[PDB]
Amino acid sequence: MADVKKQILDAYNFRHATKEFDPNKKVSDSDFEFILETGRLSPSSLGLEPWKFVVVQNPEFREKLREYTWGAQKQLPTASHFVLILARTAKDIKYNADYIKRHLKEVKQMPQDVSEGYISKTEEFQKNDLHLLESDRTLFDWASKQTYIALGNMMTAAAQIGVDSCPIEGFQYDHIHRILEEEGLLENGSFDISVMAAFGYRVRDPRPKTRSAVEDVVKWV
């Protein structure tokens, strides 16, 4: 698979945490729809797809976010596209929530017979397997983990088509939460902010990428 592998690893080395984008270079509609598709097609635990990708293009709303997003001071103004990745809350992804039943039926096409058992399994899984019901936050964080699959996928896919990105956690939750809630974007408590991601074209190449040695992050048994 030598050619494919090289192309992919070149994209992994292309992708970096871009701090500033070219404000005059926009990702095409087609390319951005492809990036979003890699998010949409991502896998998720129990197939629940507990995410929403909010594409904030409005400059004024970006600036509202920027006040409380220390990690995106240049990324927010300059990005071609800027995404808030939301995750479902306990309201919607506790085992007995209506969202789960509707998703399994309407999206996953899971028969009613089958979903009864699947939701019973989900219940035991959340309570006793992974202890996800420890708190409402524990359960949100579980949903949020699924969103990080989508995050990783979207950034990598972007890089493979020559589009830079930057994942962003550097924000003040309390303030971002309020802003999104008041804007309506959390859908009556269905969602909360998980992670942000900018997309666009770099202005300068970065310094060489650094990572742990393979022997320090891989072990064979």
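We number the residues from 1 along the sequence you see.
Trainee: Highest mean C-alpha temperature factor of the two stretches 22-30 and 192-200, which is it?
Mentor: Higher mean C-alpha B-factor: 22-30.
Trainee: For the stretches 60-68 and 148-156, which has the higher mean C-alpha B-factor as given in the deposited record?
Mentor: Taking the mean C-alpha B-factor of 60-68 and of 148-156, the larger value falls to 60-68.
Trainee: Going by the entry, which of 81, 88, 94, 121 has the most elevated CA B factor?
Mentor: The record points to 121.
Trainee: Just say lowest, middle or highest third for the CA B-factor of residue 106 relative to the other modelled residues in its chain.
Mentor: CA B-factor rank for residue 106: highest third.
Trainee: Grab the CA temperature factor for residue 114 from the record and place it in the lowest, middle or highest third of its chain.
Mentor: As the PDB entry reports it, the C-alpha B-factor of residue 114 lands in the highest third of its chain.
Trainee: State the tercile, meaning the lowest, middle or highest third, of residue 187 with respect to the CA B-factors recorded for its chain.
Mentor: As the PDB entry reports it, the C-alpha B-factor of residue 187 lands in the middle third of its chain.
Trainee: What third of its chain, lowest, middle or highest, does the C-alpha temperature factor of residue 141 fall into?
Mentor: Within its chain, residue 141 is a lowest-third residue by C-alpha B-factor, going by the deposited values.
Trainee: Quick check for you: using the entry's CA B-factors within this chain, is residue 174 in the lowest, middle or highest third?
Mentor: Residue 174: CA B-factor falls in the highest third of its chain.
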